[PDB]
There are 2 protein chains.
Amino acid sequence: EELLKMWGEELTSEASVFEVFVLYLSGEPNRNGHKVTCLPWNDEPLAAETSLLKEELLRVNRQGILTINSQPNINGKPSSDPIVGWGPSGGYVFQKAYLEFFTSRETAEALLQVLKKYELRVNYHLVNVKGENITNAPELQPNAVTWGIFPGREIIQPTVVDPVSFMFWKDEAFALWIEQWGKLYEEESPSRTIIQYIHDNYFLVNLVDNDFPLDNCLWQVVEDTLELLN
Amino acid sequence: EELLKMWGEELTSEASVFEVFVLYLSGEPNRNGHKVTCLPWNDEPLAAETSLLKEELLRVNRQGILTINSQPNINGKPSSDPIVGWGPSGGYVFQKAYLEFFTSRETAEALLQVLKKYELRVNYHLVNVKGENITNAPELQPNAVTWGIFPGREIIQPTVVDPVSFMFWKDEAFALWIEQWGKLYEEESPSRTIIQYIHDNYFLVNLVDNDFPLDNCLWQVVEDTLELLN
Ligand SMILES: Nc1ncnc2c1ncn2[C@@H]1O[C@H](CSCC[C@H](N)C(=O)O)[C@@H](O)[C@H]1O
Ligand SMILES: Nc1ncnc2c1ncn2[C@@H]1O[C@H](CSCC[C@H](N)C(=O)O)[C@@H](O)[C@H]1O
């Protein structure tokens, strides 16, 4: 009853879903006065590194690019930074920019068309519930996205985007629609209709911008998809 | 006969050894008109990254800090750079500054005294033929000194300074004096005296500055040792 109170008692349209993600990312309550304190993929409030890319995420989600995971790029910041720092003291820490999101088939086709402009810079991975796995991943090999350099030590790379492990995550990612939000609504409801439509027709998408020394391209990539579509 | 022609037919003093290293590092011939084209540890001309730190090495060796291996610090330069670049195209490549050298016991004690000022920033390792291994190495663990970040890929760290492997290199490093320069001179020669003295009384020393984003400290560390000594 508390989940169904924050995610809306009944969805009017896709817009309702778009708002549930925008109200998770902003601090604002819905029209009923309740904050979206979690989503099926998160169960938590955001980690503090998202403070670096909040407005951007607001803008992206307001369009229907439904982000479920993210990362700022970090260019060798002090390992003591309370926002991004980790590991032993006196080192440096690094990140690639990363974005994980669901999309409509229409927006997925517009994104595949725009990713031709960014092919070598951005690793991408689109998939849907029937398969149709599309990725530019080198030989289906991991991509490092977080690492740290520490005094007297080897490099530590704690975090990766593996195209093989993503295909096990896919099975959670799409089933968390029906199993935790669909089964929350009535069987025959237009709400269930909406959620079953999103369970079937949407693409899960992952992007990684490999140029961590530069400004993040992923926001311009999505602006370029909304240009092409609009 | 060709080695003994370039390393000098007979050493007057330690100064003679100091000059053989300075004439390896500069392009200049000795007083006899012959270039030092190699040393016992190298068998080759320098790699092009030394162009970035030549004058510095000239200055260091002119004092008796006999460098046998070195590296500039590199802060995420294009992986396509003909000087420093390596691996797949479109990535970034990184280095810590590194210096490997022999020293007199007097200069080794002056360096141990000055390394107290740089303790956390500079990894150091001194050793001599009897043992007397001194290092600040974390739990006797490797230190990364070269690495690269490439699109779609994990980090590659091709090059390390391992405090355990250094103790196998030690046995070459000191024996290459007697086995390739000492046995080049006569048995009873003052030249053999000189080389046996350097085979026994000198310390092999390795330093690594871990702050690759900053200007290299190692040159000021050696200036600080020549201040203390002088
Ligand atoms: N709905 C959502 N949209 C965008 N980002 C989200 C999100 N829910 C969680 N996140 C973010 O996803 C990230 C998980 S942590 C990612 C790993 C970490 N940056 C590393 O350094 O290895 C956090 O920043 C979290 O705030
Ligand atoms: N006598 C000497 N003094 C100082 N440096 C030397 C030297 N003889 C060789 N070198 C240097 O030692 C280095 C060996 S290559 C070191 C590894 C490489 N920089 C990496 O990126 O992993 C070369 O730069 C070479 O020019």
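The numbering of chain A matches Swiss-Prot: 415-644, in order.
If you're wondering, the header gives electron microscopy, 2.8 Å.
Here the Cβ of each residue, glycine as well, is placed from N, Cα and C on the backbone.
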Residue among A:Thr549, A:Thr560 sharing the S-adenosyl-L-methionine site, where Swiss-Prot lists A:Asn456, A:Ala461, A:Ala462, A:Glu463, A:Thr464, A:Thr481, A:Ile482, A:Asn483, A:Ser484, A:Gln485, A:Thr573 as binders: A:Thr560
From A:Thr426, A:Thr451, A:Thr607, the one Swiss-Prot labels phosphothreonine: A:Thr451
Neighbourhood of ligand 1 - recorded positions from A:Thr451, A:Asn456, A:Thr464, A:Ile482, A:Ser484, A:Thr560 with Cβ under 6 Å: A:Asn456, A:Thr464, A:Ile482, A:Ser484, A:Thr560
Longest CA-CA distance among A:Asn456, A:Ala461, A:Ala462, A:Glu463, A:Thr464, A:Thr481, A:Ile482, A:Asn483, A:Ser484, A:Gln485, A:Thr560, A:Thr573, per record bound to S-adenosyl-L-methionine, angstrom: 20
Least buried by Cβ count (within 10 Å) of the binding-site residues A:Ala462, A:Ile482: A:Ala462
Lowest local Cβ density (other Cβ within 10 Å) among binding-site residues: A:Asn456, A:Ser484, A:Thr560: A:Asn456
Cα-to-Cα gap, A:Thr464 (S-adenosyl-L-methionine binding site) vs A:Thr451 (phosphothreonine), nearest whole Å: 15
